[PDB]
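S.K.: Let's see this in three dimensions:
(5 chains)
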Amino acid sequence: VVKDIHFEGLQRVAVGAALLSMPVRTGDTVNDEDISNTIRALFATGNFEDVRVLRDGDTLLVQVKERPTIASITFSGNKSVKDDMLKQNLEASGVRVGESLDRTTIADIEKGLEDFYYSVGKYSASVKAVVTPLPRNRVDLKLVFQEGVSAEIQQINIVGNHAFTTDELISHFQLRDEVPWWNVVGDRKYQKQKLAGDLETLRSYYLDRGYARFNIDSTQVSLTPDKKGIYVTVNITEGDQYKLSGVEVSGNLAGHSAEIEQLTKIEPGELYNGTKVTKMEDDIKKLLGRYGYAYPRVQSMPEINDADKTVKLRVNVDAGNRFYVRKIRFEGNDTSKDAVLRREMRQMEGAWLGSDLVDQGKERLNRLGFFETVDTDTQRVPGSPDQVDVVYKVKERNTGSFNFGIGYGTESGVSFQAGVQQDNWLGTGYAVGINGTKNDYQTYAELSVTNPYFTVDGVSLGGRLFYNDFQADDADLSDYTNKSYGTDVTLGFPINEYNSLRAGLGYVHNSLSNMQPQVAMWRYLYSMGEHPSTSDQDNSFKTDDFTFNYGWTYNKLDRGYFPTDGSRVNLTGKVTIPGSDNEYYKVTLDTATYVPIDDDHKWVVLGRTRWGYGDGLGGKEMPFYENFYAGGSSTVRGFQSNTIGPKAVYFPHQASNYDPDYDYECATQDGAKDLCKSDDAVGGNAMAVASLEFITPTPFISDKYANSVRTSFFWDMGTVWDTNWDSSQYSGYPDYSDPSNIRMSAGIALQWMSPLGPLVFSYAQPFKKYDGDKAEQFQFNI
Amino acid sequence: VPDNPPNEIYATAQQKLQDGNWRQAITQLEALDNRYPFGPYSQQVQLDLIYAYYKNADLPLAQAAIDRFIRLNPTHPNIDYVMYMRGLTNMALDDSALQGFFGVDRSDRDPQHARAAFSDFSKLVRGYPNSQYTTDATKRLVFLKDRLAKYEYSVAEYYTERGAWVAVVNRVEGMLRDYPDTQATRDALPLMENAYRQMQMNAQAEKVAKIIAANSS
Amino acid sequence: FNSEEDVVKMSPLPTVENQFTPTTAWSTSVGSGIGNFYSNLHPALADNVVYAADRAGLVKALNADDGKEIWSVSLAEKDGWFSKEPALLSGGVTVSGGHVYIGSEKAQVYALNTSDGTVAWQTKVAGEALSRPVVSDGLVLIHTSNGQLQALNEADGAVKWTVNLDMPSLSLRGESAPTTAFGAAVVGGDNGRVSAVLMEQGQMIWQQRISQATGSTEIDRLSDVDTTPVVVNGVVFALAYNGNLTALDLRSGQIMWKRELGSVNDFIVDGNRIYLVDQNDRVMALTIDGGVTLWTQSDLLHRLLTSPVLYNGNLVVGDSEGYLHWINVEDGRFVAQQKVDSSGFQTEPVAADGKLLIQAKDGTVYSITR
Amino acid sequence: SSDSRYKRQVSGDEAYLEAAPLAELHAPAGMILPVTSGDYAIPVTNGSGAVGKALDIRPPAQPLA
Amino acid sequence: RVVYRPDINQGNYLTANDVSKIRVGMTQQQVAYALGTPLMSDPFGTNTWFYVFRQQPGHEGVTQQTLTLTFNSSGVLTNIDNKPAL
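M.R.: Residues are numbered from 1 along each chain as shown, chains lettered A, B, ... in the order given. Now the structure:
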């Protein structure tokens, strides 16, 4: 009878816990079978065994030394996989890292890692682990594993085809047979998933071309495991071209058989088509989904009859029950009135589910953006054959422009420019943008508040305000004093289910004092008839504009801020109604059409084109303060802001109410006293900027993010020109009346919109040889 | 990450906790967690770590850690405290934002966290009605049920705005059945009144009229 | 991105002493074209004639007389589904009489008869033929890597003896031309099955195998091999797909015993002496005593190819980077002296009639003679 | 995490003790409704402890070994 | 004024045959099997089932057909009132 048992060197499990753990204890007669029980209990655990059981008398010394605890954290050798991903494929697999590490598991997990590398598509021949024990019970493992990288090492082959070339069938594959990189469309890397995709694609190709009897094909992925031999051979057997002749429908539904039949009507002599029959299935599914049966069972069976090559298409459709939705739950919108997310839905709780309707809902949420996640999970309630709960999982992330400007001036104090453009204002669904700039002599205030919802229907109420005290002055005067009081309210209703029509009023008050020397401004003055001077700056011009402001917009973007498969058109037109101190007629049109080349939408071609044509009404010219600009924005990279376009030339003046001396060169007293060819951006009344960007996450940027970086390589052509121009006043100077000032500029734009701080790199080389331009090869927007 | 003795490192950790250097405190508490997953001090450090997560407002980490603790050791005198912070953490996920600090424009964002908090606090109060946290949990629950009722009132308001009358009636049904207690439900019942009257369900509308007239003073 | 391999690089060539200076490198070419595609083509020597081929559909009948071209044929059709139909010939090349059997991984076996004209008959075997077709007293054996082992009658092609071996998931590039012996063709498979087909109706006499290969128990990715059992005196030496050397002492039927000694690429046997190369790429020599090794060697580990052939006490080895390591006056002498190409080798060297021949990954045949 | 603040506070505002008291709806003659069908109900048998942020929200002590 | 609006649908889709099939005495389980699980129920008072089919398109008219059914303590359909079209 063992009576006193002492355990030492446990350090991971208490003495009492161990004492209760082993099936033997005090107070019982420990015999040979009990010793065997202790030893086998040490053996069978499978976590640690160390048997030192000495019983000399009534003292049982059980000495077990614990390899625990160890933390293997050191992954040294990654070059193509991330240690986070390795730890995932350890943990989520079911081999999570709380480690005891018996001696076997060393080599076992070495082999396990090598097996993981076998899985990803490459080879790893060497994995060396070093043990590092620190003496409490703690150890850490040094894994140095050596890479043998290989992803596409193919030579594809298809043996058995006699109606198609090898190359034609290999083209469509998601695997490629060792082809250059400028062939790539999306992702290529060889996985068993890729192979299954290829096999299914080949089957689809035959079943579409009309080879019905083919579903029979063996696959062999032979391997020179010198990391370079992966020969895929898919030995198949074609049938014969098969003629489709007639369809029968076994229909179990409250009656639509007319519509179903007219949808499934196959003209005589057609060839059997796998994708055509699949689209027949899906169109029956939607022809039911509209009317409600959002979980029908549709089975299409082809009946093959040989010796005449006949296929009979027999589809049996049975519908479930009719009207489902019980609750429409959004979960995830922690920072946004769901009243927003619910105004969006075109599928309304308490009605009959329509799968296309909740698809419209998901797309509409996306086209508002302000967040990014696909889901329209329709999980059905427990306990009823009806009643599905439409649950979206949005994932809010805040769009908001917080633009900080500090300094910098020397003779001018520290400036303060705050640009906060918040859309879908994280309080609500409103959009407020404030560009408030006090730069030591410039007071430019812009407030823009717009309700996308002002009734239930969708009318949008948007007001804008600009208080522009633009002086850019030297001392107190004779420096283009300009005041702009700008109010405008835009009531804009969506009526074409994707087309908004906006109508608004606008008051623009323009006060112009101490005119600068530009012939363009005096041409406008002559146009208005207010006879000016020509060598004195004592010019005053108070005007008020009552502009009717009509806009139009088409928006179809399969995403929000990073469109794919989309095309938005934006027309904006100011027409000044009679009854104002000024007249003009301006029309702008933007078009951003993203078209994707890849199916995976990691490659996209952006095409954005904007026209602008402004001209004054009969007897007037369009006032210069609305002449378009270009460049230095998301218009034309490769220029300083608002530089592209006609340059206004100066008239001489040697007295302008004390024309300041030693200032304002180009035909002043201190500079040249006679005529000056003057370069400065005044903007023209016509604009055309067309740009194409290539949206490409290159293999040099780590793609764990598809929502926070877009990398563009862009070619852009921009022109700004006057249309009311002449050579009777500009004869010796360059003439600006023809579109020929095309700037071509190409550049890289890395756009990292993690909500609050972008490093928007835009390096642009502008190369289209024209004179008077002003360029810049670094743009970091905000 | 020093290699001090346990007593010294725990003492410094506690002192920094009373001070309020919560990020640093989380660092050395996590170190003391790794260096032993054993010891009575290990349990004390797990609790201290959940406290530190809650205070530093690392709420996903706090929720994960508290669930791990309640899974690992499900009987303990402090399971009250465990469940209480899980409820409080769901609460803080509900009420943490710029507008949730402004005090304006809330009570109908995502309620999922509020629902989870209510379930947890209900489990707490029902499991241990004789405890220090009990009355505060009761206050939690009354406020939280009021918040849920406001959420479903807000959704009912939106549907009555758009015209979705049957959605209105179902949502106010949900409010009456699940909790006819808070102010929001008494506010809501005229929504049924108007909804039934709009869909011309006359006897039903008169019935809800009787209930609202009797209930209001 | 696909090339950062810190794997062991090729060991450098040892000292260059050698008693025999290669006195001839007679060369011929087509400018094609094996490339780096792993395949088993090689010239065959029939009556001082060198029937060479290469993966374009080009067959250049050469003769060992300084080698002018004869009978240069292009095997590719222009009718049907494409013009000139770019084919592949990862094919066996073998000769019986004037009958040149070539088998190509477009699922074709062409037989070109330079005997009474050009009798070029194409048999469409299942799968893609990859092993050197074997002539066996009225049969050509084709171990096509669909696990299938076709057997065809000469002069017309006639499918029969259509055995169906077992293939694993990786369905490897295991070529295994069945060796014919006493009316039994011993064919390796892609899983370890060393099946003997004693042609009665295509009857395999085997219920057992090598339990190790690539596909069920993957090993160090170096088990690339060209697998061919060899019959001598009534014993079949098999070195099947992954390294497990097996002796099969046929006593009125298949009788087995596995004296394991792995690391297999291909081998030659002379009476009581075995000369093979390893997957580790070292030239182990074996004596039939249970397999007590001689000639452990290390100088050439991880040369992408190394494949042996013997003549006149001098063991030849064709390796990558266009060398020919020669083994000789048997150890202690191991060194090598030859470099015939900067193109390289991937294919078998053939010794016959006292003439040694070597295909090259580009450039047709490079006969190297003492 | 602090600026000499936030020792007896929760992130954001608190309205714990400013909740509207619960008040069961009176039922007219025969118009009963299921007072619950779910988990949203509170036991009344409770109290009184340290309501509001005046309780030891810090980890409670226990003997060390 | 807005020129055009959405089209709103609210629950209990019916047809002429759908409303016609049922008759007095059929148990509510079979009633549900026939029409569908009604999602507008009166909670307080009698076990009555309201069937509402509501549709408002593009500013014109109204489509409101209501089929009211009254089951009793055991659950037996009686006293059916159909009001089509408002």
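S.K.: Would you tell me which residues of chain B are close to chain E?
M.R.: Residues of chain B lying close to chain E (C-beta under 8 Å from any C-beta of the partner chain) are B:162-167, B:169-170, B:173, B:176-177, B:199-201, B:204, B:207, B:211. Every residue, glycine included, has its C-beta placed from N, CA and C.
S.K.: So for chain D, which residue is the most central one in space?
M.R.: Closest residue to the average C-alpha location of chain D: residue D:16 at 6.3 Å, with C-alpha atoms, centre = their mean.
S.K.: how about that residue, phi and psi?
M.R.: The phi and psi torsions at residue D:16 (degrees, to the nearest 10) take the values phi -40, psi -60.
S.K.: Tell me how far it lies from residue B:149.
M.R.: Using C-beta to C-beta, to the nearest Å, residue D:16 is found at 17 Å from residue B:149.
S.K.: Just the element for the nearest residue to residue B:147 once chain neighbours are set aside, please.
M.R.: Nearest non-adjacent residue to residue B:147, counting by C-beta to C-beta, 6 or more residues apart in numbering or on different chains: residue B:114, 5.4 Å away. Using DSSP states H and E, residue B:114 maps to helix B:112-127.
S.K.: how about that helix: buried residues?
M.R.: Neighbour counts over helix B:112-127 (16 or more other C-beta atoms under 10 Å in any protein chain shown) mark B:112-122, B:124-125 as buried.
S.K.: who are the neighbours in contact with residue 54?
M.R.: Looking at chain A here, since you left the chain open. Counting by C-beta atoms under 8 Å, 6 or more residues apart in numbering or on different chains, residue A:54 makes contact with A:60, A:61, A:63.
S.K.: not what I meant, chain D
M.R.: Applying C-beta under 8 Å, 6+ apart, one finds that residue D:54 lies in contact with residue D:8.
S.K.: Can you read off the backbone torsions of it?
M.R.: Dihedral pair for residue D:54: phi -140, psi 20, per degrees, to the nearest 10.
S.K.: can you pull the contacts of the spatially closest residue to residue B:56 that is not a sequence neighbour?
M.R.: When the adjacent residues along the chain are set aside, residue B:56 lies closest to residue B:22, with 4.1 Å between them (C-beta to C-beta, 6+ apart). Contacts for residue B:22 (C-beta under 8 Å, 6+ apart) come out as B:52, B:55, B:56, D:1, D:2.
S.K.: got a list of contacts for whichever strand or helix holds the second one?
M.R.: Counting by DSSP H and E, the element that carries residue B:55 is helix B:40-56. Contacting residues not belonging to helix B:40-56 are listed as B:6, B:10, B:13-14, B:17, B:22-23, B:25-26, B:29-30, B:32-33, B:36, B:59, B:61-62, B:65-66, B:69, B:73, B:76, B:78, B:81-82, B:85, B:88-89, B:92, D:1, D:6, D:57-59, D:62-65 [C-beta under 8 Å, 6+ apart].
S.K.: Report the buried residues of that helix.
M.R.: For helix B:40-56, a neighbour-count test (16+ other C-beta under 10 Å) marks B:41, B:43-56 as buried.
S.K.: Next: stretch A:98-110.
M.R.: Neighbour count says stretch A:98-110 has A:99, A:101, A:105, A:109, A:110 buried, by 16+ other C-beta under 10 Å.
S.K.: do stretch E:41-60 as well
M.R.: Using 16+ other C-beta under 10 Å as the burial criterion, the residues of stretch E:41-60 that qualify are E:42, E:44, E:47, E:49, E:50, E:51, E:52, E:53, E:54, E:56.
S.K.: helices or strands next to the lengthiest helix in chain B in the packing?
M.R.: Secondary structure assigned by DSSP state H gives helix B:134-162 as the longest helix of chain B. If contacts are counted by 3 or more C-beta pairs under 8 Å, 6 or more residues apart in numbering or on different chains; DSSP states H and E, helix B:134-162 sits against helix A:338-344, helix B:79-95, helix B:112-127, helix B:165-178, helix B:183-198.
S.K.: Is it correct that residue A:195 falls within a helix?
M.R.: Yes. Assessed with DSSP: H, G, I helix; E, B strand; the rest coil, residue A:195 lies in a helix.
S.K.: For burial, what's the neighbour tally of it?
M.R.: By other C-beta atoms under 10 Å in any protein chain shown, 18 other residues sit near residue A:195.
S.K.: any chance you could map the strands in chain D?
M.R.: For chain D, applying DSSP state E gives no strands.
S.K.: Most proximal residue of it with respect to chain A?
M.R.: Here chain D gets closest to chain A at one residue, residue D:65, 10.0 Å apart by C-beta to the nearest C-beta.
S.K.: In contact with that residue: list those residues for me.
M.R.: So residue D:65 contacts residue B:40 (C-beta under 8 Å, 6+ apart).
S.K.: Centroid-nearest residue for the chain?
M.R.: Looking at chain A here, since you left the chain open. Central residue of chain A (C-alpha atoms, centre = their mean): residue A:562, 3.5 Å from the mean position.
S.K.: Hmm, no, I was thinking of chain E.
M.R.: The centre of chain E sits closest to residue E:51, judged by C-alpha atoms, centre = their mean, with a distance of 1.5 Å.
S.K.: Bridge partners for it, pull those for me.
M.R.: Counting by DSSP bridges, residue E:51 is bridged to residue E:67.
S.K.: follow-up on the earlier one: list only those of the residues of chain B next to chain E flagged as buried.
M.R.: B:162-167, B:169-170, B:173, B:176-177, B:199, B:201, B:204, B:207, B:211.
S.K.: distance of the residue nearest to the centre of chain E from residue A:209?
M.R.: Counting by C-beta to C-beta, the gap from residue E:51 to residue A:209 is 51 Å.
S.K.: got it, and residue D:32?
M.R.: Distance, residue D:32 to residue A:209, using C-beta to C-beta: 69 Å.
S.K.: more crowded one of the two?
M.R.: residue A:209 (16 against 11).
S.K.: Can you report phi and psi for the more buried one?
M.R.: Main-chain torsions, residue A:209, degrees, to the nearest 10: phi -70, psi -20.
S.K.: got the contact list for it?
M.R.: By C-beta under 8 Å, 6+ apart, the residues touching residue A:209 are A:163, A:164, A:241, A:271.
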